[PDB]
Amino acid sequence: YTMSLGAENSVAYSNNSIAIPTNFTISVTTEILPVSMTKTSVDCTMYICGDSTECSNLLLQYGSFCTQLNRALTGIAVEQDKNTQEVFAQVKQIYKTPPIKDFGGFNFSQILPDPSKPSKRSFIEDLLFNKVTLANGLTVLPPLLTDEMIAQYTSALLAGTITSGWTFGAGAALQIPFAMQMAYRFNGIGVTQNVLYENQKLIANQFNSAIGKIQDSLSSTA
Amino acid sequence: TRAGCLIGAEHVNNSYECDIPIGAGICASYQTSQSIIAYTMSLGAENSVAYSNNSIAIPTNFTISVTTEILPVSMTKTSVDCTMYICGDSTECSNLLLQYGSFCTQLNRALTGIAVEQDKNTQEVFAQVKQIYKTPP
Amino acid sequence: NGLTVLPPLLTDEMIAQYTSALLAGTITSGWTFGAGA
Amino acid sequence: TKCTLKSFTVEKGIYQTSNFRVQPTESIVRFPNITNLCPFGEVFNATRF
Amino acid sequence: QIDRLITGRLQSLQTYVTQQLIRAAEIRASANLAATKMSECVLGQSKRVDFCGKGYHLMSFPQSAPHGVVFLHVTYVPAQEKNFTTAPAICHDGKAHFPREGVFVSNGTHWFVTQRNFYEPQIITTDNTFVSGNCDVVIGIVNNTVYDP
Amino acid sequence: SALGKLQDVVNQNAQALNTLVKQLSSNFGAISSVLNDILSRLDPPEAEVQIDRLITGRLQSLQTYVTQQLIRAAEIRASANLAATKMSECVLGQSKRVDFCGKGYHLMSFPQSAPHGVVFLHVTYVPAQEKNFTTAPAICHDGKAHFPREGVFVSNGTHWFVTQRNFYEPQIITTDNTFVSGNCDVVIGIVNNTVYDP
Amino acid sequence: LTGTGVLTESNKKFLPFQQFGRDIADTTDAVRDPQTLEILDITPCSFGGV
Ligand SMILES: *[C@@H]1O[C@H](CO)[C@@H](O)[C@H](O)[C@H]1NC(C)=O
Ligand SMILES: *[C@@H]1O[C@H](CO)[C@@H](O)[C@H](O)[C@H]1NC(C)=O
Ligand SMILES: *[C@@H]1O[C@H](CO)[C@@H](O)[C@H](O)[C@H]1NC(C)=O
Ligand SMILES: *[C@@H]1O[C@H](CO)[C@@H](O)[C@H](O)[C@H]1NC(C)=O
Ligand SMILES: *[C@@H]1O[C@H](CO)[C@@H](O)[C@H](O)[C@H]1NC(C)=O
Ligand SMILES: *[C@@H]1O[C@H](CO)[C@@H](O)[C@H](O)[C@H]1NC(C)=O
Ligand SMILES: *[C@@H]1O[C@H](CO)[C@@H](O)[C@H](O)[C@H]1NC(C)=O
Ligand SMILES: *[C@@H]1O[C@H](CO)[C@@H](O)[C@H](O)[C@H]1NC(C)=O
Ligand SMILES: *[C@@H]1O[C@H](CO)[C@@H](O)[C@H](O)[C@H]1NC(C)=O
Ligand SMILES: *[C@@H]1O[C@H](CO)[C@@H](O)[C@H](O)[C@H]1NC(C)=O
Ligand SMILES: *[C@@H]1O[C@H](CO)[C@@H](O)[C@H](O)[C@H]1NC(C)=O
Ligand SMILES: *[C@@H]1O[C@H](CO)[C@@H](O)[C@H](O)[C@H]1NC(C)=O
Ligand SMILES: *[C@@H]1O[C@H](CO)[C@@H](O)[C@H](O)[C@H]1NC(C)=O
Ligand SMILES: *[C@@H]1O[C@H](CO)[C@@H](O)[C@H](O)[C@H]1NC(C)=O
């Protein structure tokens, strides 16, 4: 088929005529960014030497190419460690999970790691980890950042975000009510704080419906 | 470790900041009797904050502190002469060069592009504004 | 063996002068040195 | 530049040229100054070999 | 034969390490994009449209993933728009009156000031109305009663 | 001091160059590691094989060197664009991005030259000495909810005050810094107190 | 030892059992003149920085 540039929307530049949205919707969407890649490394002797009897004569003449390539692969591995290090440890201040009670009507059981199990894996995190199907001198080095500590870093980031606001960046973790933080983040898009507080139940119901829809859509095995 | 068995360093139940890795959430450093030490990952200092209904926090003071952030912006320019690399001080230099010198010509063009990129790195980080100003008293 | 190191165009003195000009614009003019006069 | 880029038109910029400049026209030979004849007569005329 | 086979294996290895190395460079580009999305979406608010969610970004919840990051980009999405009548300013007592915030918006005959992204009408009053200049320099002004508290 | 990140560039460049000359030291399977020996005892129908072997080996070594230096220069380009971004709104303005341009609320950055690098002086606002306080979303006065025009509604014991979130400067509740919107029944958590008029 | 390149005078001292020298291999920088026993160096015909 031909390309779909988009749906045609007929709108008018007519001056002395304005439009204002009477009603608004809150919708959460997923953006997927692969941040790390599997570490790989090669052993020179098992690659170019193998089971050769003259392993010494093969090594001093041609193993230096493999030495450069292994140095490049080690640099790639260090780069892959630093990728997840700088995306997941911008702040190195680790937090307990707050007690899940009265989050302004926003029902955070799905995204926060429940204390029922001693892994820091969330329910959506469990679905993500279950749905992704994994898979002569080539050795796969394990990543420095284990899954448990990445889950703990995400838990600390979530706990700082929903409780302290954004002050956890500036080093004081000043606690904020989540309704106040939600109003202060509505204040950044030009809408006044009255819209959230006058309709807090509707906002909570919309976010819970979005959470349910994003749970059902991310559980259809495709 | 999950990476493998480490022999030569002793584990410790405490937790310290990591500088060089091991590969399974473990790191090693030089720490005191002094020897090599191996420690688990420093998740960080543990901070206890209590999310509470209708409660707020406000700072009495604030502190102003400058910190060092270092970003390497440029790298040393290099160039390769083709004749002096593959020919050297040897006879039949013309015969050696017409068949295999264009590989080096491509590599030298790539290195010249790298050199131009290295000049442009410091040019665009240091001359975003091209209006020079004398030092005020 | 044929490996020559090309010196950079922007020498250390003129990088220091550009840094001094940026500091002078920052602490005396503010941030208007970016746009305007 | 036209030879090292193999084209009759090149643009503005900088180009590191290959060394096609000088062709030597002289040859020098230096050996140790011992001019005795080697005993190849003893080896190639070995009566008892 | 040893030289031929070793050079063949090393050529295969150098092709492999180039593919992996610049693939990891592209992965680092995506990682820097995600760390940028980790720097003002969860650590603050981003005013950049369409960068960090389809709509007006409110928050972002970082969720771990196998060799990646999946974001929970909650966004403001408005709808249900109605036509209204507008004019850049308001003229009263021979002086132009500009919006301190929002848009001067009228339906029928009553003139109101309201913010752009929500229909919350306020009556025209000098506390939320800014005055500057006379009535003739600007083009397209309607005139009405501006109230005082 | 913490200048190792600048030293790594020079150290790895020196490693690339000396590893390259040690590559050129090899013989690559020929009968000799120098061109002058194999051009002094081999006729060209037999010499061109060893010439081809040595030239292909040296060109492969140069290919590996230019690959390493070239994508390393691409990574330096990435870091250079990051630093030029830090030139863009930390020197020529103010950055609202948390933790990108310094730990805390960024004020300025003073550029300083360095050998093949830029050293930053990221001066930042860092608050401390926190205190517990009691807040409410709004105040109902005369049957109307009152919202904060700026800052947070912050009460200690009895006196209700409004103050900004990043510093403790208390001002009395007054209609000039207080915004009113609607009645006080739809919103939960509202308190009620006397809102003063100037 | 056949080759093309300029020669100058060097000042380093060889061992009695050593007659050639290569500071870096595949360069062949060092050699002794048999006629005068003058220690010299072998450098390429011109510098590459053009
Ligand atoms: C736009 O404004 C002009 C006056 O500046 C007016 O003549 C014209 O009719 C207006 N256009 C519309 C769509 O009414
Ligand atoms: C606004 O939209 C919400 C979301 O569906 C709805 O529940 C509410 O009734 C709407 N309000 C009006 C006035 O249309
Ligand atoms: C909402 O949170 C409660 C815990 O307070 C939990 O029991 C419930 O299952 C959650 N809702 C959903 C849809 O998971
Ligand atoms: C360190 O941890 C191990 C783990 O059980 C424990 O047996 C040991 O007593 C600990 N050492 C100290 C000094 O507490
Ligand atoms: C805030 O800190 C400064 C600097 O140490 C100190 O002089 C001042 O007394 C402190 N303020 C209070 C209210 O304690
Ligand atoms: C070597 O032989 C040449 C040929 O006559 C002579 O000129 C030179 O002086 C000799 N050198 C020595 C050290 O005997
Ligand atoms: C070996 O002997 C023959 C006959 O006497 C003679 O012709 C020949 O020259 C000798 N070989 C050499 C190398 O002198
Ligand atoms: C009124 O709104 C509708 C929305 O579908 C639009 O198509 C129409 O052009 C608008 N009329 C005017 C006069 O702007
Ligand atoms: C404007 O709209 C409101 C409801 O949206 C309506 O009650 C009113 O009659 C309309 N006209 C005027 C002049 O306010
Ligand atoms: C409003 O403006 C029109 C045209 O500028 C004028 O005819 C009319 O008298 C004005 N009305 C008032 C109340 O000033
Ligand atoms: C009061 O402040 C302290 C600070 O250490 C904190 O631990 C405590 O939880 C706070 N109390 C309340 C009720 O928030
Ligand atoms: C509130 O705090 C101030 C200063 O910290 C103190 O003087 C005052 O007694 C406190 N209580 C009331 C009711 O103002
Ligand atoms: C805070 O929690 C208590 C639970 O004891 C509840 O009664 C109160 O209404 C909550 N306040 C809010 C949600 O503003
Ligand atoms: C304040 O609110 C409470 C509960 O809503 C009410 O009982 C009380 O009478 C109110 N006080 C005043 C002065 O309005």
# chains A, B, ... in the order shown; residues from 1 in each chain; ligands from 1
call {"tool": "residues_around", "arguments": {"residues": "segment 139-143 of chain F", "least_positions_apart": "2", "cutoff": "12 Å", "atoms": "only C-alpha atoms", "output": "number ranges by chain"}}
result
F: 135-137, 145-148, 152-155, 160-162, 173-175, 178-197
call {"tool": "residues_around", "arguments": {"residues": "segment 207-212 of chain A", "least_positions_apart": "4", "cutoff": "9 Å", "atoms": "only C-alpha atoms", "output": "number ranges by chain"}}
result
A: 26-29, 105-108, 110, 202-203, 216-217; E: 74
call {"tool": "residues_near_ligand", "arguments": {"ligand": "ligand 10", "cutoff": "9 Å", "atoms": "only C-alpha atoms and all ligand atoms", "output": "NGL selection string"}}
result
:E and (91-94 or 135-136 or 141-145)
call {"tool": "interface_residues", "arguments": {"of": "chain G", "to": "chain F", "cutoff": "6 Å", "atoms": "only C-alpha atoms", "output": "list in words"}}
result
residues 2, 25 and 26 of chain G
call {"tool": "interface_residues", "arguments": {"of": "chain C", "to": "chain D", "cutoff": "12 Å", "atoms": "only C-alpha atoms", "output": "NGL selection string"}}
result
:C and (2 or 4 or 6)
call {"tool": "write_last_selection", "arguments": {"atoms": "N, CA, C and O atoms", "output": "PDB file, in the first residue's frame"}}
result
ATOM      1  N   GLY C   2      56.740   7.133   9.828  1.00  0.00           N
ATOM      2  CA  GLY C   2      55.701   7.800   9.078  1.00  0.00           C
ATOM      3  C   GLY C   2      54.549   8.323   9.907  1.00  0.00           C
ATOM      4  O   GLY C   2      53.662   8.987   9.355  1.00  0.00           O
ATOM      5  N   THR C   4      53.077  10.929  11.960  1.00  0.00           N
ATOM      6  CA  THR C   4      53.261  12.335  12.282  1.00  0.00           C
ATOM      7  C   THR C   4      52.061  12.836  13.072  1.00  0.00           C
ATOM      8  O   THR C   4      50.920  12.452  12.796  1.00  0.00           O
ATOM      9  N   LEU C   6      49.849  15.916  13.865  1.00  0.00           N
ATOM     10  CA  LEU C   6      49.480  17.248  13.406  1.00  0.00           C
ATOM     11  C   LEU C   6      49.108  18.116  14.601  1.00  0.00           C
ATOM     12  O   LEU C   6      48.281  17.701  15.419  1.00  0.00           O
TER      13      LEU C   6
END
call {"tool": "residues_near_ligand", "arguments": {"ligand": "ligand 11", "cutoff": "12 Å", "atoms": "only C-alpha atoms and all ligand atoms", "output": "PyMOL selection string"}}
result
(chain A and resi 98+163+172-177) or (chain B and resi 47-59) or (chain F and resi 128-135)
call {"tool": "residues_around", "arguments": {"residues": "residue 70 of chain F", "least_positions_apart": "6", "cutoff": "9 Å", "atoms": "only C-alpha atoms", "output": "PyMOL selection string"}}
result
chain B and resi 110-111+114
call {"tool": "write_last_selection", "arguments": {"atoms": "C-alpha atoms", "output": "mmCIF file, in the first residue's frame"}}
result
data_model
loop_
_atom_site.group_PDB
_atom_site.id
_atom_site.type_symbol
_atom_site.label_atom_id
_atom_site.label_comp_id
_atom_site.auth_asym_id
_atom_site.auth_seq_id
_atom_site.Cartn_x
_atom_site.Cartn_y
_atom_site.Cartn_z
ATOM 1 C CA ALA B 110 39.670 9.086 7.099
ATOM 2 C CA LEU B 111 42.400 10.382 9.425
ATOM 3 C CA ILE B 114 39.105 12.812 12.008
#
call {"tool": "residues_around", "arguments": {"residues": "residue 17 of chain D", "least_positions_apart": "6", "cutoff": "7 Å", "atoms": "only C-alpha atoms", "output": "list in words"}}
result
residues 1 and 4 of chain D; 50 of chain G
